[PDB]
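Next up: just one chain, as structure tokens, the form deposited in one PDB entry.
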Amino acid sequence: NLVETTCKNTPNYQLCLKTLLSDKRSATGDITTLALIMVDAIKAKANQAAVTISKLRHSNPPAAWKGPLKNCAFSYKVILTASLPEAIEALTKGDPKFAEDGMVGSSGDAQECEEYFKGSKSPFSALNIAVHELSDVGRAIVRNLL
């Protein structure tokens, strides 16, 4: 019952469980594999956010959203091109401290994104919240190895 036990040691059991059991690798999965499955979930959501940000920026958004959008674009670019790749590298290399830092970064960047839309509607709030939730679950999985 590693998936059960692992997901119990996360800040969101039901999300962890739903996510790991979607993936085929979970049934035969050690802690690192489960980390690896979470990263790929974060990546799916981050790719969606990246496109969604781009669309909005191309849809003649109100001026007040230009700042937030532009900053969010940078956030997801870092997540996609640096944070997540380095986590996959680190988990592969057997160096989890560096994969925890990927999960910490992606969580803060998604949260910082949401935060720019404070006091207004947030046009892709669910995607920010998903990247943060999923990231906070990956970080917990990763910390079993520290």
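Residue numbers run from 1 along the displayed sequence. Residues that one form lacks are left out of the comparison. Under this definition, the rigid core comprises the largest set of C-alpha atoms superposing within 1.5 Å between the forms.
What follows is about the form deposited with a partner chain bound, which we do not show.
Across the options 61-69, 117-125, 92-100, 38-46, residues that bring heavy atoms within 4.5 Å of the partner chain in the bound PDB entry belong to 92-100.
Using a 4.5 Å cutoff between non-hydrogen atoms, residue 145 counts as a contact of the partner chain in the bound PDB entry. The closest non-hydrogen atom of residue 78 lies within 4.5 Å of the partner chain in the bound PDB entry. In the bound PDB entry, the partner chain stays beyond 4.5 Å of every heavy atom belonging to residue 27. Taking the partner from elsewhere, residue 82 is found to have a heavy atom lying within 4.5 Å of the partner chain in the bound PDB entry. Core superposition between the shown form and the other one leaves every listed residue (120, 54, 81, 92) with a C-alpha shift below 2 angstroms except 120.
Segments of at least three consecutive residues in which every Cα is displaced by 2 Å or more between the shown form and the other one, once the core is aligned, occur only at 118-121.
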